Ligand SMILES: [Ca+2]
Ligand SMILES: [Ca+2]
Ligand SMILES: [Ca+2]
Ligand SMILES: [Ca+2]
């Protein structure tokens, strides 16, 4: 549905709301998605997004180096 | 409290189960988390992990260049 040029507009609109007007805080990302793409977060799974966050080179595997980003999250 | 040596042993135990024995697939990561850190996925939100995936330099702001990762996933 949306084009990449539209998405540039969208990024600029919501990034200007608070703080640095050229960058998106977590609160502005939440408002962007709730307003423009409200079904994006209910289709996503947390496990799938953690895996994408860890797998930086996109080979479908988490190496021991890449696992170090998960180790930072563990409470202890 | 888990030491660093213990976390290395956990990584190696679950990485060896399937396929490449030195790297973790998503199915092995699922088993590792359900067994060793069961509340971790329960406590995470999809939005929080999507933000962390996009915020590559960890300054808590997503720049337009960081945002492009999401643009390529949802737009043509
Ligand atoms: Ca902003
Ligand atoms: Ca990888
Ligand atoms: Ca493996
Ligand atoms: Ca950033």
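Residue numbers (the authors' numbering), protein chains in the order written: chain B, 0 to 75; chain A, 0 to 75.
Virtual Cβ for every residue (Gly too), placed ideally from N, Cα, C.
Nearest-angstrom Cα separation, counted from residue j out to residue i
{"i": "residue 62/B", "j": "residue 34/B", "result": "36 Å"}
{"i": "residue 49/B", "j": "residue 67/A", "result": "18 Å"}
{"i": "residue 75/B", "j": "residue 36/A", "result": "11 Å"}
{"i": "residue 53/B", "j": "residue 31/B", "result": "24 Å"}
{"i": "residue 28/A", "j": "residue 10/A", "result": "9 Å"}
{"i": "residue 55/B", "j": "residue 65/B", "result": "7 Å"}
{"i": "residue 8/A", "j": "residue 8/B", "result": "47 Å"}
{"i": "residue 23/B", "j": "residue 43/A", "result": "20 Å"}
{"i": "residue 70/B", "j": "residue 46/A", "result": "20 Å"}
{"i": "residue 4/B", "j": "residue 0/A", "result": "49 Å"}
{"i": "residue 12/B", "j": "residue 26/B", "result": "13 Å"}
{"i": "residue 14/A", "j": "residue 59/A", "result": "31 Å"}
{"i": "residue 2/B", "j": "residue 51/B", "result": "23 Å"}
{"i": "residue 40/A", "j": "residue 72/B", "result": "11 Å"}
Cβ-based burial, residue i [other Cβ within 10 Å; buried from 16]
{"i": "residue 21/A", "result": "exposed"}
{"i": "residue 17/A", "result": "exposed"}
N-terminal and C-terminal residue of the alpha helix (DSSP H) that residue i is part of
{"i": "residue 14/B", "result": "3 to 14"}
{"i": "residue 37/A", "result": "37 to 42"}
{"i": "residue 17/B", "result": "Premise fails: residue 17/B is in no alpha helix (DSSP H) and is neither H nor E."}
Counterpart residues of residue i in DSSP-defined beta bridges
{"i": "residue 61/A", "result": "23/B"}
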